[PDB]
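Residue-level structure breakdown
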Amino acid sequence: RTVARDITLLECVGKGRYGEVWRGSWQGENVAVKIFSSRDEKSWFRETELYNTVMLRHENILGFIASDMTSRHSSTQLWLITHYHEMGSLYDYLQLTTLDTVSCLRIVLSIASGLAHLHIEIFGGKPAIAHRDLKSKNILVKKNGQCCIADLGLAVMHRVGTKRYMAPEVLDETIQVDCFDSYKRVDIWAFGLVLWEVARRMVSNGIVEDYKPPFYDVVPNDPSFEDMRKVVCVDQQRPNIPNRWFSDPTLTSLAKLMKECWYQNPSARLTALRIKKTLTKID
Ligand SMILES: COc1cc(-c2cncc(-c3ccc(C4CCN(C)CC4)cc3)c2C)cc(OC)c1OC
Ligand SMILES: COc1cc(-c2cncc(-c3ccc(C4CCN(C)CC4)cc3)c2C)cc(OC)c1OC
Ligand SMILES: COc1cc(-c2cncc(-c3ccc(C4CCN(C)CC4)cc3)c2C)cc(OC)c1OC
């Protein structure tokens, strides 16, 4: 039989230290192709090892298609091929868009749903998985208004995370590294930051905040590990909740939720399943 492997690369939709992401075509359908830098080969190996262990399938997890290694004259080429989401990243989308109550809740509940799916061990099933680099650039927006979580290159089953989103126990190096629940609690911290980024863009009473990344007001661009440790660990700062949120029942509830993802004590933080339940009871 014919195995039509050929993917056509059409347009570059992202370039970084990781490598590049392209919109490609396979058999008349868009696919996303991540081409890894030599610098980041371990991320390809880790995501490939995870998908060889468990074929995750969930509407809020970026859909796997293929992992390809191709021998070149003097190098190895590494591609990850996934579903393509033409609306792009949540980071991209929030710059560009304000939200209403329904669209804000649908975004955050879809992220919580993908995250709880990663975190839960299913017997018969899947191992429990922590993401370890959750952020708005690692979330894609789908046409149906839900999101999906991308990039399992740092994931752990039972490179460091983006410093802006690191939990206090990562920055102060107290994290219990032999305890898998520690990694779930680091993802919950990061989720709370994402929830804050999104909520800012939800309109209430004709008011909205401009898009800003977490801690925009207290650290530089490309903040150092020390910059983040001083804010998060030493001073114990948390993102600002604007007064205008307290006139809106949805934003009032989301402010409480994000506070319960940001406790200094990792074991006090809400679980992804508890976050889901709370979000289903808002509005
Ligand atoms: C090698 O590389 C790539 C291959 C493909 C691809 C193209 N046509 C057909 C296939 C196919 C799938 C599944 C079977 C099954 C059929 C049932 N039987 C009991 C076991 C075997 C056979 C063939 C594939 C996998 C796409 C790629 O990119 C999207 C590839 O490159 C990454
Ligand atoms: C990698 O990705 C894609 C692959 C394909 C594709 C191409 N040829 C053959 C297959 C296939 C056929 C049959 C079996 C099964 C069915 C019965 N079972 C009991 C055992 C064997 C598995 C696989 C597929 C899935 C299509 C895709 O899109 C339409 C793909 O996505 C881009
Ligand atoms: C985060 O991580 C990964 C993401 C993706 C991915 C999947 N669908 C779509 C995209 C995308 C498409 C289009 C735009 C822009 C371009 C045009 N316009 C200016 C606005 C929209 C942005 C982004 C991406 C980047 C794939 C990945 O792997 C294959 C990723 O790595 C795991």
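Sequence positions in this view are assigned from 1 along each chain in the order the sequence is written. Entry numbering can differ, and residues without coordinates are absent from the display. Key to labels: chains lettered from A, ligands numbered from 1, both in the order written. By convention in this description, side-chain values take in all heavy atoms of the structure and omit both hydrogens and water. Residues with missing side-chain atoms are left out of burial classes, side-chain pairs and their counts.

In its metadata, the entry names X-ray crystallography as the structure determination method and reports 1.3000 Å as the resolution.

The condition is simple: UniProt positions are given in the numbering used here, feature names are shortened, and annotations may be inferred rather than shown by experiment.
The name given to the protein chain in the PDB entry is Activin receptor type-1, with the source organism recorded as Homo sapiens. Quoted straight from UniProt, the Subunit (literature references left out) entry for the protein chain says "Interacts with FKBP1A. Interacts with FCHO1. Interacts with CLU. Interacts with type II receptors AMHR2 and ACVR2A. Interacts with BMP7. Interacts with GDF2/BMP9. Interacts with BMP6 (when glycosylated); the interaction may induce HAMP expression. Interacts with TSC22D1/TSC-22." Annotation of the protein chain in UniProt includes, under Subcellular location, the sentence "Membrane".

As for the site of ligand 3
For clarity, the cut-off: Throughout, near means a residue has at least one heavy atom within 4 Å of the molecule or strand. Counting of polar contacts relies on pairs of N or O atoms within 3.5 Å, with two restrictions inside protein: one atom must be capable of donating a hydrogen and the other of accepting it, and residues adjacent in sequence are counted only when both atoms are side-chain atoms. Accessible surface area values rest on a Shrake-Rupley calculation with a 1.4 Å probe, where residue burial reflects the displayed protein chains alone. Helix numbers and strand numbers start at the N terminus; a helix is a DSSP run of H or I with at least 4 residues, a strand a run of E with at least 2.
If you check the shell around ligand 3, you find 17 residues, and the closest are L80, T82, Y84, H85 and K137. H85 places a main-chain nitrogen or oxygen 3.0 Å from a nitrogen atom of ligand 3. When ligand 3 sits alone it has 690 Å² of accessible area, and the protein chains cover 76% of it. Where the shell around ligand 3 is concerned, the elements lending two or more residues are β3 (29–36) and β5 (76–82).

Quick notes on the pattern of salt bridges
Rules: Whenever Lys or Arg places a side-chain nitrogen within 4 Å of a carboxyl oxygen from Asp or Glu, that contact is recorded as a salt bridge. The buried label applies to any residue whose accessible area, calculated with a 1.4 Å probe on protein chains only, is under 20% of its type's maximum; exposed applies above 50%, and partly exposed to all values in between.
For the coordinates displayed, the defined rule picks out eight salt bridges. With a shortest N-O distance of 3.0 Å, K230 and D235 are connected by a salt bridge. A relative accessible area of 42% places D235 in the partly exposed class. Among the charged side chains, a network of salt bridges with common partners joins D133, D151 and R159.

Focus on the packing of aromatic side chains
Filter applied, for reference: Put simply, two rings from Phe, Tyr or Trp (the six-membered ring, in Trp's case) pair if the centres are within 6.5 Å, and we call them stacked under 30 degrees between planes, edge-to-face over 60, tilted for the rest.
Evaluation of the coordinates by the stated rule reveals four aromatic pairs. With a centroid separation of 4.7 Å and an interplanar angle of 20°, the aromatic rings of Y51 and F64 are classed as stacked. Linking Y51 in helix α1 (residues 41–53) with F64 in strand β4 (residues 64–71), this pair joins segments that are 13 residues apart in sequence. Both residues of the pair, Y51 and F64, belong to the buried class.

Description of the site of ligand 2
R1, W26 and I65 make up every residue found near ligand 2. Coverage of ligand 2 by the protein chains reaches 19% of its 690 Å² of free accessible surface.

Comments concerning a nonpolar patch on the surface
Put simply, the rule is: Residues qualify for a patch when their relative accessible area is over 30% and they have no salt bridge, like charges being joined within 9 Å and the nonpolar side chains of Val, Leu, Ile, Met, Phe, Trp and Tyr within 5 Å.
A contiguous nonpolar patch, built from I120, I122 and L273 and spanning about 240 Å² of accessible area, is present on the exposed surface. Residue position: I122 is located in the loop between α3 (101–119) and β6 (129–130).

Details of the side chain of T82
Defined as follows: In what follows, a contact means two residues having at least one pair of non-hydrogen atoms within 4.5 Å.
Within the fold, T82 resides in strand β5. By relative accessible area, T82 is classed as buried at 6%. Those residues within four positions of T82 in sequence are excluded, and the remaining contacts are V31, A32, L62, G63 and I65.

Here we look at the UniProt feature "binding site: ATP" in the protein chain
The feature "binding site: ATP", as annotated in UniProt, sits at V13, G14, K15, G16, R17, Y18, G19, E20, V21 and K34 in this numbering. Maximum C-alpha separation among the annotated residues is 14.1 Å over a sequence range of 22 residues, consistent with a single clustered spot. Assignment of secondary structure puts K15 in strand β1 (residues 8–16). Position of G16 relative to the elements: it lies in strand β1.

Quick look at the packing of α3 against helix α5 (residues 180–200)
Counted only if it meets this: Interaxial angles span 0 to 180 degrees and are taken between N-to-C directions of axes, which are lines fitted to C-alpha atoms, for helices over the stretch in contact. Convention used here: angles under 35 degrees read as roughly parallel, angles over 145 as roughly antiparallel, angles from 65 to 115 as roughly perpendicular, and any remaining angle as oblique. Under this grouping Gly is polar, as are all residues other than the nonpolar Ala, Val, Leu, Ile, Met, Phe, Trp, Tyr, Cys and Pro and the charged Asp, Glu, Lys and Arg.
Here α3 crosses α5 at 170°, and the two axes come no closer than 10 Å. Accordingly, the angle class assigned to the pair α3 and α5 is roughly antiparallel. Contacts between α3 and α5 pair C104, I107, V108, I111, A112, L115 and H119 from the former with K184, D187, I188, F191, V194, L195, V198 and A199 from the latter. Taken together, the residues of the contact of α3 with α5 sort by class into twelve nonpolar, one polar and two charged.

A word on the sheet that holds β5
Our working definition: Should DSSP find at least two bridges between two strands, the strands are taken to pair.
As summarised here, the arrangement of the five strands in space is β1-β2-β3-β5-β4, forming an open sheet in which the pairing is antiparallel. Every interior strand has two partners, whereas the edge strands, β1 and β4, have only one. Going from strand to strand, the sheet's axes swing by 25° on average, the running direction of each strand aside. Where β1 meets strand β2 (residues 19–26), seven bridges bridge the pair, whose relative direction is antiparallel.

Structural notes on the UniProt feature "active site" in the protein chain
Taken from the UniProt record, the annotation "active site" applies to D133. Relative to the helices and strands, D133 is located in the loop between β6 and β7 (139–141). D133 gets classed as buried once you look at its relative accessible area, which sits at 6%. Excluding residues within four positions of it along the chain, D133 makes contact with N138, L154, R159, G161 and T162.

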